[PDB]
>>> print(open('protein_4.txt').read())   # compact mmCIF, C-alpha atoms
# COMPACT_ATOMS: atom_id res chain seq x y z
CA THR A 1 104.73 74.78 70.68
CA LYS A 2 107.45 77.28 71.59
CA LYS A 3 107.35 78.68 68.07
CA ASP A 4 103.58 78.16 68.06
CA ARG A 5 103.29 80.37 71.15
CA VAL A 6 104.97 83.35 69.43
CA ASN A 7 102.47 83.65 66.57
CA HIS A 8 99.45 83.64 68.90
CA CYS A 9 100.21 86.81 70.88
CA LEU A 10 101.01 89.01 67.88
CA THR A 11 97.84 88.48 65.82
CA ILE A 12 95.57 89.62 68.65
CA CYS A 13 97.31 93.01 68.65
CA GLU A 14 96.76 94.09 65.05
CA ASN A 15 93.06 93.20 64.88
CA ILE A 16 92.14 95.70 67.59
CA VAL A 17 93.79 98.78 66.06
CA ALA A 18 92.57 97.88 62.56
CA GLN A 19 88.98 97.65 63.80
CA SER A 20 88.51 101.44 63.55
CA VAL A 21 85.42 100.94 65.72
CA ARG A 22 85.60 101.92 69.38
CA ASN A 23 83.17 102.66 72.26
CA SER A 24 80.88 99.91 70.94
CA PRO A 25 78.95 97.37 73.06
CA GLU A 26 80.58 94.69 70.93
CA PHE A 27 84.02 96.30 71.21
CA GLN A 28 83.91 96.61 75.01
CA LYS A 29 83.83 92.86 75.73
CA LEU A 30 86.76 92.01 73.44
CA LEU A 31 89.36 94.27 75.03
CA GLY A 32 89.02 92.95 78.58
CA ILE A 33 89.65 89.27 77.81
CA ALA A 34 92.73 89.30 75.59
CA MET A 35 94.46 92.09 77.54
CA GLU A 36 95.36 89.91 80.49
CA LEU A 37 96.58 87.40 77.89
CA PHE A 38 99.41 89.70 76.75
CA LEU A 39 101.26 89.17 80.02
CA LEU A 40 101.11 85.37 80.15
CA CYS A 41 103.19 85.62 76.96
CA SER A 42 105.74 87.48 79.11
CA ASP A 43 105.21 85.20 82.11
CA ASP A 44 106.42 82.18 80.12
CA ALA A 45 110.15 81.82 80.59
CA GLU A 46 111.99 82.14 77.29
CA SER A 47 113.95 85.18 76.08
CA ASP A 48 112.69 84.57 72.55
CA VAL A 49 109.18 84.74 74.03
CA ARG A 50 109.75 87.34 76.78
CA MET A 51 111.43 89.94 74.54
CA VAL A 52 109.09 89.57 71.56
CA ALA A 53 105.68 89.78 73.19
CA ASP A 54 106.36 92.66 75.63
CA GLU A 55 107.03 95.19 72.88
CA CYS A 56 103.72 94.12 71.32
CA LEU A 57 101.64 95.14 74.34
CA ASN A 58 102.90 98.68 73.88
CA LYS A 59 101.40 98.85 70.38
CA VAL A 60 97.90 98.58 71.87
CA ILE A 61 98.08 101.31 74.54
CA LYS A 62 99.52 104.21 72.54
CA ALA A 63 97.07 103.75 69.68
CA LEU A 64 94.32 103.82 72.30
CA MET A 65 95.40 106.62 74.66
CA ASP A 66 92.99 108.90 72.79
CA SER A 67 90.04 106.59 72.33
CA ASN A 68 89.72 104.09 75.19
CA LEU A 69 91.59 105.23 78.27
CA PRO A 70 88.87 104.35 80.88
CA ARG A 71 88.61 100.86 79.41
CA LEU A 72 92.40 100.38 79.48
CA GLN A 73 92.96 101.36 83.10
CA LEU A 74 90.25 99.12 84.57
CA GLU A 75 91.73 95.77 83.48
CA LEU A 76 95.14 96.84 84.73
CA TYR A 77 94.35 97.63 88.35
CA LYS A 78 92.98 94.06 88.59
CA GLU A 79 96.38 92.40 88.13
CA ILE A 80 98.14 94.15 91.03
CA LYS A 81 95.42 92.98 93.44
CA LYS A 82 95.89 89.51 91.94
CA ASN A 83 99.47 89.90 93.29
CA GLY A 84 100.86 87.50 90.73
CA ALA A 85 104.27 86.20 89.75
CA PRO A 86 107.34 88.41 90.29
CA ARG A 87 107.85 88.47 86.52
CA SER A 88 104.17 89.04 85.77
CA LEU A 89 103.62 91.78 88.37
CA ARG A 90 106.77 93.66 87.33
CA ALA A 91 106.30 94.63 83.68
CA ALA A 92 102.73 95.71 84.36
CA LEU A 93 104.08 98.29 86.78
CA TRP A 94 105.92 100.22 84.07
CA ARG A 95 102.59 100.71 82.29
CA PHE A 96 100.70 102.26 85.18
CA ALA A 97 102.96 105.13 86.17
CA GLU A 98 103.04 106.55 82.65
CA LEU A 99 99.24 106.60 82.44
CA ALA A 100 98.85 108.18 85.87
CA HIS A 101 99.03 111.69 84.45
CA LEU A 102 96.51 110.67 81.76
CA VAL A 103 93.58 110.13 84.14
CA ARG A 104 90.93 112.69 84.55
CA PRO A 105 90.46 114.51 87.89
CA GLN A 106 86.78 113.55 87.75
CA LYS A 107 87.59 109.83 88.10
CA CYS A 108 90.83 110.19 90.08
CA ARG A 109 89.50 109.96 93.64
CA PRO A 110 88.12 106.40 93.13
CA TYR A 111 91.57 105.41 91.80
CA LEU A 112 93.40 106.64 94.90
CA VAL A 113 91.59 104.60 97.56
CA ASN A 114 92.07 101.28 95.76
CA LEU A 115 95.87 101.54 95.39
CA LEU A 116 96.93 101.90 99.02
CA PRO A 117 95.87 98.33 99.83
CA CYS A 118 97.70 97.37 96.64
CA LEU A 119 100.77 99.55 97.25
CA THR A 120 101.56 98.05 100.64
CA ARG A 121 101.71 94.40 99.50
CA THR A 122 104.41 95.18 96.91
CA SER A 123 106.33 96.90 99.69
CA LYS A 124 106.30 93.70 101.78
CA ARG A 125 107.61 91.62 98.88
CA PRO A 126 111.26 90.49 99.23
CA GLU A 127 111.88 90.02 95.49
CA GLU A 128 114.74 92.40 94.69
CA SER A 129 113.52 92.97 91.12
CA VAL A 130 109.95 93.83 92.13
CA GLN A 131 111.17 96.40 94.66
CA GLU A 132 113.17 98.31 92.04
CA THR A 133 110.42 99.39 89.63
CA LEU A 134 108.34 100.75 92.51
CA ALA A 135 111.04 103.36 93.13
CA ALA A 136 110.41 104.41 89.53
CA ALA A 137 106.62 104.61 89.94
CA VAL A 138 106.10 106.13 93.42
CA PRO A 139 107.94 109.07 91.87
CA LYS A 140 105.39 109.09 89.03
CA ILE A 141 102.15 107.84 90.63
CA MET A 142 101.95 109.92 93.81
CA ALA A 143 102.81 113.15 91.97
CA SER A 144 99.65 112.96 89.88
CA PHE A 145 97.66 110.99 92.43
CA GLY A 146 99.22 113.10 95.18
CA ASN A 147 96.77 115.93 95.89
CA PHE A 148 93.67 113.72 96.14
CA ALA A 149 94.39 112.15 99.54
CA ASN A 150 93.67 113.48 103.01
CA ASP A 151 95.84 113.40 106.13
CA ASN A 152 94.39 110.01 107.10
CA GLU A 153 95.48 108.00 104.06
CA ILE A 154 99.06 109.25 103.84
CA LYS A 155 100.11 108.59 107.44
CA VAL A 156 99.45 104.86 106.98
CA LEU A 157 101.62 104.54 103.88
CA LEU A 158 104.84 105.94 105.38
CA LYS A 159 104.95 103.66 108.42
CA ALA A 160 105.26 100.69 106.04
CA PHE A 161 108.31 101.80 104.04
CA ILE A 162 110.36 102.46 107.21
CA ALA A 163 109.83 98.79 108.06
CA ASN A 164 111.47 98.25 104.66
CA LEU A 165 114.54 100.03 105.97
CA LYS A 166 114.92 97.04 108.32
CA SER A 167 116.09 94.69 105.55
CA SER A 168 119.64 93.70 104.71
CA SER A 169 119.66 93.98 100.93
CA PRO A 170 121.39 96.96 99.29
CA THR A 171 118.85 96.89 96.47
CA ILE A 172 115.91 97.00 98.87
CA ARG A 173 117.35 99.73 101.11
CA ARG A 174 117.45 102.43 98.44
CA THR A 175 113.97 101.84 97.02
CA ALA A 176 112.20 102.43 100.33
CA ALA A 177 114.04 105.71 100.84
CA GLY A 178 113.03 107.39 97.59
CA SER A 179 109.41 106.46 98.26
CA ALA A 180 109.02 108.41 101.51
CA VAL A 181 110.38 111.60 99.99
CA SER A 182 108.41 111.70 96.73
CA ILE A 183 105.09 111.74 98.59
CA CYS A 184 105.94 114.75 100.76
CA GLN A 185 106.48 116.84 97.62
CA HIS A 186 102.89 116.11 96.63
CA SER A 187 101.08 114.88 99.74
CA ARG A 188 98.58 117.58 100.57
CA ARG A 189 100.76 120.01 102.50
CA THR A 190 104.30 120.01 101.15
CA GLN A 191 105.79 121.80 104.16
CA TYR A 192 103.80 120.03 106.87
CA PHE A 193 105.07 116.60 105.85
CA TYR A 194 108.74 117.59 105.85
CA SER A 195 108.73 118.20 109.61
CA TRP A 196 107.05 114.87 110.29
CA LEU A 197 109.69 112.64 108.74
CA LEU A 198 112.40 114.21 110.88
CA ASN A 199 110.75 113.22 114.17
CA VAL A 200 110.39 109.52 113.27
CA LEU A 201 114.01 108.95 112.30
CA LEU A 202 115.87 110.55 115.19
CA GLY A 203 114.19 108.28 117.71
CA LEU A 204 115.79 105.50 115.70
CA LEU A 205 119.03 107.24 116.70
CA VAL A 206 117.99 108.74 120.07
CA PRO A 207 120.98 109.08 122.24
CA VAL A 208 123.81 107.86 120.03
CA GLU A 209 125.66 105.86 122.72
CA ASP A 210 123.55 102.75 122.14
CA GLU A 211 123.54 99.65 119.98
CA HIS A 212 121.72 100.72 116.84
CA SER A 213 121.79 97.61 114.57
CA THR A 214 124.29 98.90 112.00
CA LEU A 215 122.18 97.84 109.03
CA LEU A 216 119.45 100.13 110.41
CA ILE A 217 121.92 103.00 110.82
CA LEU A 218 122.19 103.02 107.03
CA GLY A 219 118.44 103.26 106.53
CA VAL A 220 118.09 106.65 108.19
CA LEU A 221 120.93 108.37 106.33
CA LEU A 222 119.67 107.59 102.83
CA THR A 223 116.21 109.09 103.28
CA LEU A 224 118.01 112.28 104.30
>>> encode(input="protein_4.txt", output="structure tokens")
Amino acid sequence: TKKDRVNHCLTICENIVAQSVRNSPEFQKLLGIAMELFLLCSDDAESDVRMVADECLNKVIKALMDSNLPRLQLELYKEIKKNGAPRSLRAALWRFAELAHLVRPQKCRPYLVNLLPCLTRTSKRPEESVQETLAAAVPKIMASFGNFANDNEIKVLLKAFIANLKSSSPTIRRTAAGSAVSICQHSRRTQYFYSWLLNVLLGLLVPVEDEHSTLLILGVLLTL
């Protein structure tokens, strides 16, 4: 059913846009169920299946950025907390940084608290492909969800990424460095959080005539 699996994903897409009926108590139930089903089409391992049905999920969103944005972004936060496959969790993470500057500031503060449990688990993941796209979303997420957090929530998040400077992969060393520095542009106080990252790193190289674990010497010079 490898050619039978291709025709199933594509017919669900066109019969939502051609409804021309939104915000209906019949239309609300239909969009939750078959939206998680667009990514199982990408989770199945075939390049004829993985390439075809990922461009089809983008037809739904952009025709619905006007009409149903609060219905779109509620099904999508659920999958990160599911913490699924490294192919399933990845291509959902493109979708969520581009819709971060589409939220309203009325509903934004509930969206901030729920992500910091979800944004630390994908920092502890050793998959070198999952760690890459997060260095292209923590630029985009915490610049629009930046100003809504206090001084309590943002001190927890930066102690985690420095423990991702203690890994030996060259792909994972440069994605934890561009995450610490994109927050401090948008944290709450842009100048208060620049002085705080310089105290943490120089105790990692406090007096230089020591053994400093030469993989960890390279973690401190890329955040700078």
>>> atom_distance(input="protein_4.txt", atom1="CA of residue 182 in chain A", atom2="CA of residue 138 in chain A")
6.9 Å
>>> closest_residue(input="protein_4.txt", among="A:166, A:78, A:8, A:22", to="residue 40 in chain A", atoms="all atoms listed in the file")
A:8
>>> residues_near_point(input="protein_4.txt", point="(95.4, 98.4, 71.2)", cutoff="8 Å", atoms="all atoms listed in the file", output="PyMOL selection string")
chain A and resi 13-14+16-17+57-64
>>> closest_residue(input="protein_4.txt", among="A:203, A:219, A:126, A:178", to="residue 165 in chain A", atoms="all atoms listed in the file")
A:219
>>> atom_distance(input="protein_4.txt", atom1="CA of residue 90 in chain A", atom2="CA of residue 130 in chain A")
5.8 Å
